[PDB]
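Written below as structure tokens is the structure these notes are about.
Note: ideal-geometry Cβ built from the backbone for every residue, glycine included; neighbour counts use all protein chains shown. None of the figures in this text is laboratory data; all of them are computed from the coordinates on show.
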């Protein structure tokens, strides 16, 4: 059971749409194919940065609209932006 | 530079969000994306460790309690 299927990636082999979770699985599978103790932060960092960049670009940098769209408060959005030196 | 797909996983997230935006009120995008990324992460690590929660938590860098809360959140418990 998965939460949603609205996030899909376009991959040309011609162009096929597959669940984003599949890319995550593949990336992890390749990663394992080579002692890790920070896998969550690793994956989190790889996901939050593009998410923040895309949303901020979409709302034309309006921090409040970006927060509403993301379902988080203004404060939380600000610490995430700063974490990645995006502020 | 460690998470890539056949490259960086981040590019696939960007692509996904672009496809999603074309589909557009939305106010749960963070959880929406997190759910699509944490569930498979949990699936893959638990599989890697043969369902050993302690080993999975240690690999992930989180305590066992947090791992169990995450698994439950996604109905994987």
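Quick rundown of the values:
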read-out	value
Per-residue average of Cβ from other chains inside 10 Å of B:42-49	4
Value of D in µm² per second that Stokes-Einstein yields for the protein assembly as shown, Kirkwood Rh from Cα pairs, at 4 °C (1.567 mPa s)	79
Residue order, fewest to most surrounding Cβ atoms within 10 angstrom, among B:17, A:20	B:17, A:20
Calculated FRET value between residue A:78 and residue A:36, using beta carbons and R₀ = 22 Å, to 0.05	0.15
Normalised per residue, the volume of the convex hull around the Cα set of chain A (Å³)	154
